[PDB]
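Shown below, as structure tokens, is a lone chain in the form deposited in one PDB entry; questions about how it binds or moves come after it.
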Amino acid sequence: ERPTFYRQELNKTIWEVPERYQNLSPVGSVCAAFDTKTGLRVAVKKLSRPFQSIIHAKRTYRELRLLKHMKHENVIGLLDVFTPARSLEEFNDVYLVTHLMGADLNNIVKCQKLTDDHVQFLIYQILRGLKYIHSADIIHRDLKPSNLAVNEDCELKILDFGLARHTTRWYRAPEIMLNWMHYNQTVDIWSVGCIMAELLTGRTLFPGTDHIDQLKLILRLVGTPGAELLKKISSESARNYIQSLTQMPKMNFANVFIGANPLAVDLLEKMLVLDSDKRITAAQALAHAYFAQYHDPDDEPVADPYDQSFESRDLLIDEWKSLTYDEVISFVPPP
């Protein structure tokens, strides 16, 4: 039976939600709400114009397919998905509900020089969630402190994984900033390295104010590409653009992160390698000695196979919209 919906206007946007969700407060657009069925606080996301472009329509479907197929302690879970629409013809709005967390990594870390055990615990949970996500052949692509939510005791959940496509920039792998012809899952490991460096020092590792500055800040630490990496460039113009870059030697990290745990420095060296092929994976990083006090190979699960044949499809907005409506109708809330 269709619950009763109520309408309200928050910051010039109309929100139409079941009466179950009370006291909506702005935090797609996101509101914190009180779930009257459980007595818990929830985050309700209203997707912005979900079916007004092919990009939006496919991203809407993608979000729902990722959320319905991904179950892990360090990955956000879907509590509810709803629409005020009573039929496919009137289906134009989609709302997604998750648990509301205590805070996002950003506010917790704002120029904070965290303790080593705190860093270990946070990074371990990010890598545990990434191992799982990567095992389903999904790349987060935009991992940053703002999409890493933590409760009051530092238990972490990864948000928005697999959604974005290279359409901040402080956490973006150099191969994306240089627009290399291909990239792998370790694009997320570069982001982990940047977040870990920041947790250890209380400073953003690469705070560029523009694209040119960003590349200069990255390459002055990791160095310009060597002879071995240069050979991996398929085209002459790309190869020639790469050589036009100033020329910088790779810096020693023990010097940059003075006073950090040496195992933390050693792990940062393996995450912040310019050559994507030599960068440590999430599963390999979990086995690193820095995480000796958290690592358990029997409690770092992999994901079930994920059918993403839809990603190669070029469908009309109405087709993406009908596929999304089928996923909304078939949704079964977790117990």
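For every residue, the number given is its place in the sequence shown, counted from 1. Think of the rigid core as the biggest set of C-alphas that the two forms share within 1.5 Å after superposition.
This next part talks about the form deposited in another entry, which is not shown.
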### Task
Using a rigid core alignment, state whether the CA of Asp213 is displaced by 2 Å or more between this form and the one not shown.
yes
### Task
Align on the rigid core first; then say whether the Cα of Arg239 has moved by at least 2 Å between this form and the one not shown.
yes
### Query
After the core is matched up, is the C-alpha of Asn179 off by 2 Å or more between this form and the one not shown?
yes
## Note on the structure
A change of 3 Å or more separates this form from the other: in that other deposited form, the C-alpha atoms of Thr281 and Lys113 are farther
### Comparison of CA distance in that other deposited form with shown form for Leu272, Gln112, at least 3 Å
farther
